[PDB]
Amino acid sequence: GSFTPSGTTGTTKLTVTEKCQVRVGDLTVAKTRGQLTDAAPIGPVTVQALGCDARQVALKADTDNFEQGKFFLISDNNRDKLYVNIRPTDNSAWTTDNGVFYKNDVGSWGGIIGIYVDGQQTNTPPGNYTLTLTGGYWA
């Protein structure tokens, strides 16, 4: 029931815009609110564990990225939420516990964690959304 910080941090960034999309500078993940349909993919999160043969790999979201067992991207102003679902691409079993996404079994797991839109949210206010996940293990 406890998470131990032991790994690097991965950041999932997304810019939400209207139909008229103006991309400035280098290419980045951007979408129109209309694209925020249920199950819509946001981006992958690579995970590579080492020396965790006797520990349950886990990812913890920043305090501003979870609440009520629900995960979500947060606008730069910490006001707007973009509810998402976290799910590995393989058939591995994971559990959610107060902002923590841990693996049900021990082992140095390596894989991809996909971030998807949880419920159609085409009304999402334009802005920059972020989801931060830190590597570690669960007990």
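A residue's number is simply how far along the shown sequence it sits, counting from 1. For clarity, a rigid core is taken as the largest C-alpha set superposing within 1.5 Å between two forms.
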Inset, instruction - Would you say which of 5 to 13 and 18 to 26 moves more relative to the shown form in 5 other deposited structures of this protein, going by RMS C-alpha distance with the core superposed? - result: 18 to 26
Legend entry - Comparing 70 to 78 with 110 to 118, the one whose average Cα B-factor in the PDB entry is higher: 70 to 78
Legend entry - Residue stretch of maximal mean CA temperature factor, 27 to 35 vs 54 to 62: 27 to 35
Legend entry - Third of the chain's Cα B-factor distribution that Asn123 belongs to, per the entry: highest
Inset, instruction - Select lowest, middle or highest to describe the third in which the CA B-factor of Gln48 falls within its chain in this entry. - result: lowest
Legend entry - Chain third (lowest, middle, highest) by recorded CA B-factor, residue given as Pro5: middle
Legend entry - Record-listed C-alpha B factor of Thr95: chain third: middle
